[PDB]
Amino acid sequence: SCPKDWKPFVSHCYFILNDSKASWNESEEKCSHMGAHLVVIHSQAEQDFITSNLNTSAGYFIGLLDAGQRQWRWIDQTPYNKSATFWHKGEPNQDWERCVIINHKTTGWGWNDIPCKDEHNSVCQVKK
């Protein structure tokens, strides 16, 4: 059973941090205090569950970082597979920024790489 105001989806609970905007490290620090971490998305089902909970005008940090030369790693060390990803078109090939937000274009939801320093909402997850 999920903590108060967390939303269940199968064996995880999710929390949308939209109280205010924070950098990646600050966002992750907020999740870790809750015993959680920035969200790790492994399937269409998770992506779909998460986006129906998001405001279409805002961007949300996820737990994905470029650990090298476009060598994407999830912060909980589970495998990254391009086949399982939701990059907006042209992402993440325009620049070398290391952090990643879910956001909405008129064309729909997806991911953009952005500076880790930039301040955004985010989504935490923890095992149910």
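Residues carry their position along the shown sequence, with the first being 1.
Set 48-56 against 79-87 and average the Cα temperature factors; 79-87 ends up higher. The deposited model assigns a higher average Cα B-factor to 102-110 than to the other stretch when 7-15 and 102-110 are compared.
Per the deposited coordinates, the residue with the largest Cα temperature factor out of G63, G35, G68, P92 is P92. Per the deposited record, the Cα B-factor of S1 falls in the highest third when ranked against the other modelled residues of its chain.
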